[PDB]
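Student: Quick one: the structure is below, questions incoming.
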2 protein chains.
Amino acid sequence: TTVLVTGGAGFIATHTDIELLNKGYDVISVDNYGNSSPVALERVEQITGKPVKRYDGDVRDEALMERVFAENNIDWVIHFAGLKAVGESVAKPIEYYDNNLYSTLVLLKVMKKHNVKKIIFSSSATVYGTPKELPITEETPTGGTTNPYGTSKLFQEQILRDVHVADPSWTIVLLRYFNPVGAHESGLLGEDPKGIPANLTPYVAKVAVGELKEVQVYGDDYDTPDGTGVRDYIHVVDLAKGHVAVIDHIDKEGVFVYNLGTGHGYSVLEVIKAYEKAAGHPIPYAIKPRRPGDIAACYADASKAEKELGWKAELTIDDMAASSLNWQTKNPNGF
Amino acid sequence: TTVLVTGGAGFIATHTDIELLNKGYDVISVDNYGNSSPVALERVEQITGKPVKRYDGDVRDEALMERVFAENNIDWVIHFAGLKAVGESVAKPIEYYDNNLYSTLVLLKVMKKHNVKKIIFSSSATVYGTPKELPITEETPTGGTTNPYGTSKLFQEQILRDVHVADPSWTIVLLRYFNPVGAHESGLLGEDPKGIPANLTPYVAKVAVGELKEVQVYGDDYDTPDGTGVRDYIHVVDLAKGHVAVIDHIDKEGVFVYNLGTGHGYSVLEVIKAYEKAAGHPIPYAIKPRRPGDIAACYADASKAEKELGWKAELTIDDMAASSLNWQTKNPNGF
Ligand SMILES: NC(=O)c1ccc[n+]([C@@H]2O[C@H](COP(=O)([O-])OP(=O)(O)OC[C@H]3O[C@@H](n4cnc5c(N)ncnc54)[C@H](O)[C@@H]3O)[C@@H](O)[C@H]2O)c1
Ligand SMILES: NC(=O)c1ccc[n+]([C@@H]2O[C@H](COP(=O)([O-])OP(=O)(O)OC[C@H]3O[C@@H](n4cnc5c(N)ncnc54)[C@H](O)[C@@H]3O)[C@@H](O)[C@H]2O)c1
Ligand SMILES: O=c1ccn([C@@H]2O[C@H](COP(=O)(O)OP(=O)(O)O[C@H]3O[C@H](CO)[C@@H](O)[C@H](O)[C@H]3O)[C@@H](O)[C@H]2O)c(=O)[nH]1
Ligand SMILES: O=c1ccn([C@@H]2O[C@H](COP(=O)(O)OP(=O)(O)O[C@H]3O[C@H](CO)[C@@H](O)[C@H](O)[C@H]3O)[C@@H](O)[C@H]2O)c(=O)[nH]1
């Protein structure tokens with residue numbers, strides 16, 4: 001079984017690539033390295049002793065995607081390629097919509113043309129907006145999105161649902177990830193965005209090891225116990241394993257929806273404290289204004305994925321922080 | 001004042017082009033003639049005695065759109081370019097999403113780059129789905145869309161709203177058209193799609209003049225008085241005049257929303273009867289199964305546009321049918 005992994009050099013993709021290769025799948029990557037390094041795929045190969053067939057370029061490049069499908073016999077696609085910062089999306093809506101919607105559309109066109117009709121889409125807790133109830137289930141209504149990123153994910157979900165209406169031989173798996181953190185136990189791979197990290201934990205990891213000065217806490221006036229945002233952090237290895245469980249268990253047509261989270265919510269301040277415990281020293285932080293697009297609190301009821309896929313994310317916030325720092329200590333400037 | 005009219009050779013665009021030119025605006029067209037003829041723009045020029053500067057090609061062609069903006073000093077854009085059949089959209093979602101979303105995204109990118117920040121978007125009563133109340137106002141909730149076409153219009157509305165969040169110097173006018181019908185009084189221009197017409201009235205006009213055999217009535221089991229779909233038909237000339245009223249009256253930043261309809265709903269059977277009255281003979285029809293994506297009934301409360309723009313659509317269903325047949329009798333195979 002061959003899996004095409006778009007954005008295949010990114011944070012969640014590289015961890016997924018490991019888990020797929022360890023389970024004897026063959027893996028192909030396409031990535032434009034806008035938020036990642038080609039060295040990450042070298043590390044996947046190092047960890048697994050298995051090849052990743054690498055293509056360099058943009059998922060919106062129809063000629064490139066045509067080559068990918070013409071040169072390979074692909075069974076499944078996992079579509080990670082996307083821009084993913086809630087705050088940046090509010091400021092750069094067209095960059096987000098172009099990248100995120102048009103990558104999906106070009107990919108679907110090529111997949112249809114080659115009759116490859118099994119996709120896992122990297123969707124997001126952001127599709128629930130300000131959650132109608134907590135914890136969030138797959139029955140919690142979507143919509144009320146607060147930022148173009150989240151809107152783009154909900155749009156993409158609908159586009160995919162409409163592909164299945166028009167051709168019900170498709171298998172569409174909408175995985176709504178919550179907030180992955182951490183690194184493969186080896187410390188040879190981890191989260192390495194380009195520029196200043198937009199996500200909380202890679203920023204915190206850099207402050208812990210002295211590569212950035214001060215954690216910027218975006219808002220302390222949310223309707224949460226300590227005022228800072230609450231999220232369901234999931235170890236990136238657990239999330240990666242979730243993808244293998246889908247491909248292991250779903251071999252029929254249909255639209256399938258799963259929340260992938262732990263069910264444990266942690267505030268920003270609690271995350272910093274988990275890193276302080278892992279580092280053995282204070283990590284400087286400052287209270288800053290709210291970031292546009294952020295909501296107060298979201299976390300998952302992932303019962304459905306446990307029942308249907310046999311999968312649960314049990315690595316802890318301490319496992320996340322420790323594995324993160326292990327990577328960052330060994331690789332303080334990343335790749 | 002120069003207006004770029006994308007889809008500028010289409011049904012509603014060509015009527016709008018006339019009304020703009022008669023009011024002393026300068027008009028530029030870009031169209032790929034997927035559902036129209038270049039001859040239509042010759043007829044606009046004939047009617048008005050004014051030029052239409054013509055570009056041939058696709059709004060998704062960034063190099064073409066760059067040329068359009070580099071070669072001309074554009075004040076306003078009216079974005080008509082789109083695929084527009086509810087039923088076809090259910091069967092061809094990716095064609096619809098690609099054409100409709102990516103044309104908009106390429107256009108916005110170029111407009112931003114040239115600091116042209118005034119747009120009228122051709123939106124649709126379909127954004128209301130199955131209407132929460134009748135008649136529909138601009139306060140009627142959107143969503144519940146029943147077909148990828150309608151979904152694509154609601155998506156585009158949100159993309160445009162997000163452009164204004166990111167740069168509130170924009171003027172965004174979302175015009176939700178109901179169902180335009182009819183032809184310029186000259187009969188030298190009218191509705192001329194390529195292929196078998198997907199809309200009701202061009203099909204009915206062709207059956208009336210013997211160019212098609214039988215009106216296909218899609219469903220007679222809707223929750224309406226006679227069982228057939230109910231719509232708010234608006235004379236295409238009134239709708240065209242609505243666009244001039246926007247540009248005449250709105251010269252400030254902001255997001256502005258208008259329903260453009262008559263407030264008079266007519267069933268399919270009533271439309272056929274209006275054409276029979278205009279033709280002076282029966283027009284054969286048959287009851288057929290429902291078309292995917294169609295809803296029972298929608299019509300507009302257009303009070304807001306009357307107050308804010310001084311505009312009302314008062315041409316009648318008889319004016320629509322008669323002007324339609326006048327065009328079709330003079331041009332039985334269109335252009
Ligand atoms: N918290 C999370 O990190 C989280 C949660 C839910 C969903 N997601 C989604 O999961 C996916 C992956 O997230 P991640 O944390 O691994 O981010 P990431 O930035 O590390 O990975 C995405 C990758 O896609 C690549 N890419 C982006 N657009 C591309 C394009 N047009 N063509 C080719 N390559 C492109 C980037 O270069 C990068 O390697 C994204 O779609 C994201 O929205 C992430
Ligand atoms: N009842 C109606 O007809 C109605 C109601 C509400 C909204 N609308 C919207 O109004 C607009 C115009 O409707 P119309 O009835 O004039 O249809 P139309 O098909 O006559 O006009 C649209 C035009 O756009 C052109 N076009 C389509 N995609 C293009 C692309 N990518 N690049 C260049 N040109 C392209 C076509 O060739 C055509 O000339 C559409 O966006 C439609 O969705 C129509
Ligand atoms: O430097 C930072 C970064 C973040 N935060 C806060 O930390 C929390 C998590 O923020 P972040 O890591 O930016 O993640 P989210 O915005 O919750 O979004 C992530 O999680 C979503 C699913 O929940 C994914 O879809 C997104 O792609 C991914 O970026 C939020 O409360 C932020 O306000 C800070 O205080 N400082
Ligand atoms: O051959 C036909 C065509 C249509 N209908 C019916 O006639 C009505 C109008 O149909 P149609 O002309 O296809 O228009 P709509 O589907 O209502 O959509 C039009 O009106 C929308 C705004 O209401 C626009 O956004 C769309 O682009 C435009 O195609 C509907 O009840 C249809 O079921 C028939 O019975 N036979």
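Residue numbers start at 1 in each chain; chains themselves are named A, B, ... in the order of the structure tokens; ligands are numbered from 1 in the order shown.
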May I have the residues within 6 Å of ligand 1, computed using only C-alpha atoms and all ligand atoms, as an NGL selection string?

Tutor: :A and (7 or 9-13 or 31-36 or 57-60 or 80-84 or 99 or 103 or 122-124 or 177-180)

Student: For the selection you just gave me, I'd like the residues written to a file as a compact mmCIF listing (two decimals), in the first residue's frame, keeping C-alpha atoms.

Tutor:
```txt
# COMPACT_ATOMS: atom_id res chain seq x y z
CA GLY A 7 3.14 18.61 2.96
CA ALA A 9 8.13 17.24 5.20
CA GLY A 10 6.06 19.10 7.81
CA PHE A 11 5.64 18.58 11.53
CA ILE A 12 2.73 16.16 11.63
CA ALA A 13 3.55 14.61 8.20
CA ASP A 31 6.30 19.55 -0.18
CA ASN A 32 7.36 23.10 -1.21
CA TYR A 33 9.40 23.60 2.04
CA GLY A 34 7.56 26.81 2.86
CA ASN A 35 7.46 25.78 6.54
CA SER A 36 9.87 22.81 6.67
CA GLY A 57 7.11 21.58 -5.36
CA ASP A 58 3.67 22.99 -4.92
CA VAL A 59 0.47 20.93 -4.69
CA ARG A 60 -1.17 23.72 -6.81
CA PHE A 80 -1.36 17.86 5.17
CA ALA A 81 -0.25 20.62 2.77
CA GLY A 82 -1.63 23.90 4.05
CA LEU A 83 -0.92 27.21 5.87
CA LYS A 84 -1.97 26.83 9.44
CA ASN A 99 -2.92 28.03 -0.80
CA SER A 103 -4.05 22.96 -3.33
CA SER A 122 -6.01 17.21 7.83
CA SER A 123 -8.93 19.12 9.33
CA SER A 124 -9.00 21.10 12.58
CA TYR A 177 -6.91 17.38 14.86
CA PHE A 178 -6.74 19.34 18.10
CA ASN A 179 -3.24 20.66 19.07
CA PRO A 180 -0.26 18.31 18.40
```

Student: Residues of chain B near chain A: apply a cut-off of 12 Å, count only C-alpha atoms, and supply the list as a ChimeraX atom specification.

Tutor: /B:60,87-113,142-149,151-168,292-293

Student: May I have a table of the residues of chain B lying at most 7 Å from ligand 4, giving each one's closest pair of atoms and their distance in Å to one decimal, counting only C-alpha atoms and all ligand atoms, ordered by chain and ascending residue number, as a tab-separated table?

Tutor:
```
residue	atom	partner	partner_atom_place_in_ligand_line	distance
B:84	CA	ligand 4	27 (O)	4.0
B:85	CA	ligand 4	29 (O)	4.8
B:86	CA	ligand 4	16 (O)	5.2
B:123	CA	ligand 4	25 (O)	6.8
B:124	CA	ligand 4	25 (O)	4.1
B:125	CA	ligand 4	23 (O)	4.4
B:126	CA	ligand 4	22 (C)	5.4
B:150	CA	ligand 4	25 (O)	6.9
B:177	CA	ligand 4	22 (C)	5.6
B:178	CA	ligand 4	23 (O)	4.0
B:179	CA	ligand 4	20 (O)	4.4
B:198	CA	ligand 4	13 (O)	5.6
B:199	CA	ligand 4	12 (O)	3.4
B:200	CA	ligand 4	3 (C)	3.6
B:201	CA	ligand 4	12 (O)	6.4
B:203	CA	ligand 4	1 (O)	6.0
B:215	CA	ligand 4	1 (O)	6.3
B:216	CA	ligand 4	36 (N)	5.0
B:217	CA	ligand 4	35 (O)	3.4
B:218	CA	ligand 4	35 (O)	4.0
B:219	CA	ligand 4	33 (O)	6.7
B:228	CA	ligand 4	31 (O)	6.4
B:229	CA	ligand 4	31 (O)	3.5
B:230	CA	ligand 4	31 (O)	5.7
B:231	CA	ligand 4	17 (O)	6.3
B:268	CA	ligand 4	7 (O)	5.3
B:290	CA	ligand 4	33 (O)	6.8
B:291	CA	ligand 4	33 (O)	6.2
B:294	CA	ligand 4	33 (O)	5.7
B:296	CA	ligand 4	31 (O)	6.8
```

Student: Output N, CA, C and O atoms of each residue in that selection to a file, as a compact mmCIF listing (two decimals), in the first residue's frame.

Tutor:
```
# COMPACT_ATOMS: atom_id res chain seq x y z
N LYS B 84 -23.00 28.51 -13.18
CA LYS B 84 -24.20 28.95 -12.48
C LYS B 84 -25.39 27.95 -12.44
O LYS B 84 -26.49 28.37 -12.00
N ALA B 85 -25.24 26.69 -12.88
CA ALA B 85 -26.35 25.75 -12.84
C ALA B 85 -26.38 24.89 -11.56
O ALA B 85 -25.50 24.08 -11.36
N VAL B 86 -27.39 25.11 -10.73
CA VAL B 86 -27.60 24.35 -9.46
C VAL B 86 -27.46 22.84 -9.72
O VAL B 86 -26.68 22.15 -9.03
N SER B 123 -23.68 37.63 -6.26
CA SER B 123 -24.11 36.56 -5.41
C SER B 123 -25.55 36.18 -5.74
O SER B 123 -26.00 36.44 -6.82
N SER B 124 -26.21 35.39 -4.89
CA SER B 124 -27.32 34.53 -5.32
C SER B 124 -28.26 34.28 -4.15
O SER B 124 -27.81 34.06 -3.02
N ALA B 125 -29.57 34.27 -4.39
CA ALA B 125 -30.54 33.76 -3.42
C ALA B 125 -30.20 32.34 -2.92
O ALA B 125 -30.70 31.94 -1.87
N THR B 126 -29.37 31.58 -3.66
CA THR B 126 -29.02 30.19 -3.26
C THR B 126 -28.26 30.19 -1.92
O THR B 126 -28.20 29.16 -1.20
N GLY B 150 -24.44 27.12 -4.95
CA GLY B 150 -24.85 27.94 -3.85
C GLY B 150 -23.78 27.97 -2.77
O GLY B 150 -23.46 29.02 -2.26
N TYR B 177 -28.65 38.26 -6.33
CA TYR B 177 -29.69 38.25 -7.33
C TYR B 177 -30.65 37.09 -7.07
O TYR B 177 -30.23 36.02 -6.62
N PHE B 178 -31.92 37.32 -7.40
CA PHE B 178 -32.90 36.24 -7.48
C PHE B 178 -32.85 35.72 -8.93
O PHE B 178 -31.77 35.33 -9.39
N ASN B 179 -33.93 35.73 -9.70
CA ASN B 179 -33.90 34.96 -10.99
C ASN B 179 -34.16 35.88 -12.19
O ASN B 179 -35.30 36.05 -12.62
N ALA B 198 -29.81 25.65 -19.38
CA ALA B 198 -30.03 25.09 -18.06
C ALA B 198 -31.09 25.88 -17.27
O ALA B 198 -31.77 25.34 -16.33
N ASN B 199 -31.26 27.16 -17.58
CA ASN B 199 -32.28 27.96 -16.90
C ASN B 199 -33.67 27.79 -17.56
O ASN B 199 -33.78 27.44 -18.75
N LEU B 200 -34.72 28.05 -16.78
CA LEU B 200 -36.09 27.77 -17.22
C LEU B 200 -36.47 28.62 -18.43
O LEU B 200 -36.92 28.11 -19.44
N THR B 201 -36.32 29.95 -18.32
CA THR B 201 -36.98 30.81 -19.32
C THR B 201 -36.31 30.74 -20.70
O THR B 201 -37.02 30.75 -21.68
N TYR B 203 -35.14 28.11 -22.01
CA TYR B 203 -35.65 26.83 -22.51
C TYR B 203 -37.09 27.03 -22.98
O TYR B 203 -37.46 26.66 -24.14
N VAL B 215 -41.03 21.69 -22.70
CA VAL B 215 -40.55 22.16 -21.44
C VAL B 215 -40.50 21.00 -20.44
O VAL B 215 -41.49 20.28 -20.29
N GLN B 216 -39.34 20.83 -19.79
CA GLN B 216 -39.14 19.79 -18.78
C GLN B 216 -39.38 20.42 -17.41
O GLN B 216 -38.61 21.29 -17.05
N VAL B 217 -40.49 20.10 -16.72
CA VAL B 217 -40.78 20.72 -15.44
C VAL B 217 -40.23 19.82 -14.34
O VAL B 217 -40.69 18.66 -14.22
N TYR B 218 -39.21 20.30 -13.60
CA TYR B 218 -38.48 19.46 -12.68
C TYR B 218 -39.17 19.40 -11.33
O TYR B 218 -38.90 20.22 -10.46
N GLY B 219 -40.10 18.44 -11.20
CA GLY B 219 -40.78 18.17 -9.93
C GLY B 219 -42.12 18.89 -9.82
O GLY B 219 -42.19 20.11 -10.07
N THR B 228 -44.93 22.95 -8.18
CA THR B 228 -43.69 23.24 -8.95
C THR B 228 -42.91 24.36 -8.22
O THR B 228 -43.47 25.08 -7.35
N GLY B 229 -41.59 24.46 -8.49
CA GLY B 229 -40.77 25.47 -7.86
C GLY B 229 -41.29 26.88 -8.03
O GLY B 229 -41.80 27.24 -9.13
N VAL B 230 -41.13 27.69 -6.96
CA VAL B 230 -41.47 29.11 -6.96
C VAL B 230 -40.19 29.94 -6.86
O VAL B 230 -39.33 29.73 -5.98
N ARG B 231 -40.11 30.96 -7.69
CA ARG B 231 -38.96 31.83 -7.73
C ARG B 231 -39.43 33.27 -7.95
O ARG B 231 -40.53 33.55 -8.47
N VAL B 268 -43.25 27.41 -11.72
CA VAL B 268 -42.83 27.04 -13.07
C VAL B 268 -44.03 27.11 -14.05
O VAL B 268 -43.91 27.56 -15.18
N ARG B 290 -37.66 15.72 -9.92
CA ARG B 290 -36.89 16.85 -9.31
C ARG B 290 -35.47 16.84 -9.85
O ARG B 290 -34.86 15.79 -10.14
N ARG B 291 -34.94 18.05 -10.03
CA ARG B 291 -33.54 18.25 -10.33
C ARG B 291 -32.78 18.35 -9.01
O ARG B 291 -33.15 19.08 -8.07
N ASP B 294 -32.44 21.66 -6.15
CA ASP B 294 -33.53 22.67 -6.20
C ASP B 294 -34.29 22.67 -4.87
O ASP B 294 -34.55 21.59 -4.29
N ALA B 296 -37.89 24.44 -2.90
CA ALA B 296 -39.30 24.65 -3.22
C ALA B 296 -39.53 26.11 -3.62
O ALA B 296 -40.14 26.34 -4.66
```

Student: Select from region 47-242 of chain A everything DSSP, run on the backbone, classes as helix (DSSP H, G or I), then give the selection as a ChimeraX atom specification.

Tutor: /A:47-48,62-71,86-91,93-113,125-128,148-166,200-208,236-242

Student: Mind checking which residues fall within 9 Å of residue 257 (chain B), counting only C-alpha atoms, ignoring those fewer than 5 positions away in the same chain, and posting them as an mmCIF file with C-alpha atoms, in the first residue's frame?

Tutor:
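Final output, part.cif:
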```cif
data_model
loop_
_atom_site.group_PDB
_atom_site.id
_atom_site.type_symbol
_atom_site.label_atom_id
_atom_site.label_comp_id
_atom_site.auth_asym_id
_atom_site.auth_seq_id
_atom_site.Cartn_x
_atom_site.Cartn_y
_atom_site.Cartn_z
ATOM 1 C CA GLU B 138 -30.753 40.635 4.133
ATOM 2 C CA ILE B 172 -17.451 45.132 -1.124
ATOM 3 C CA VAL B 173 -20.969 44.959 -2.493
ATOM 4 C CA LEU B 174 -22.633 41.523 -2.223
ATOM 5 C CA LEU B 175 -25.645 41.568 -4.574
ATOM 6 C CA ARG B 176 -27.802 38.505 -4.050
ATOM 7 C CA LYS B 304 -33.297 47.792 1.544
ATOM 8 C CA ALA B 305 -32.141 48.445 -2.019
#
```

Student: Leaving out residue 182 (chain B) and any residue of its chain fewer than 3 positions from it, which residues lie within 7 Å of it when counting only C-alpha atoms, given as a PyMOL selection string?

Tutor: chain B and resi 190+235-236+320-321+323-324

Student: Next, the residues of the selection above should be written as a PDB file, in the first residue's frame with N, CA and C atoms.

Tutor:
```pdb
ATOM      1  N   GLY B 190     -29.998  39.179 -25.859  1.00  0.00           N
ATOM      2  CA  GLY B 190     -30.814  38.425 -24.944  1.00  0.00           C
ATOM      3  C   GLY B 190     -30.017  37.275 -24.363  1.00  0.00           C
ATOM      4  N   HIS B 235     -36.756  41.235 -14.109  1.00  0.00           N
ATOM      5  CA  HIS B 235     -36.362  41.566 -15.427  1.00  0.00           C
ATOM      6  C   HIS B 235     -34.869  41.916 -15.450  1.00  0.00           C
ATOM      7  N   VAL B 236     -34.153  41.363 -16.412  1.00  0.00           N
ATOM      8  CA  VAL B 236     -32.716  41.492 -16.479  1.00  0.00           C
ATOM      9  C   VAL B 236     -32.303  42.977 -16.634  1.00  0.00           C
ATOM     10  N   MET B 320     -41.147  40.493 -18.967  1.00  0.00           N
ATOM     11  CA  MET B 320     -40.048  39.515 -19.047  1.00  0.00           C
ATOM     12  C   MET B 320     -40.296  38.569 -20.226  1.00  0.00           C
ATOM     13  N   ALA B 321     -41.451  37.896 -20.215  1.00  0.00           N
ATOM     14  CA  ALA B 321     -41.809  36.902 -21.245  1.00  0.00           C
ATOM     15  C   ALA B 321     -41.816  37.568 -22.621  1.00  0.00           C
ATOM     16  N   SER B 323     -40.339  40.368 -23.727  1.00  0.00           N
ATOM     17  CA  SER B 323     -39.051  40.804 -24.202  1.00  0.00           C
ATOM     18  C   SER B 323     -38.208  39.589 -24.575  1.00  0.00           C
ATOM     19  N   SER B 324     -38.365  38.511 -23.794  1.00  0.00           N
ATOM     20  CA  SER B 324     -37.663  37.226 -24.076  1.00  0.00           C
ATOM     21  C   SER B 324     -38.043  36.700 -25.465  1.00  0.00           C
TER      22      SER B 324
END
```
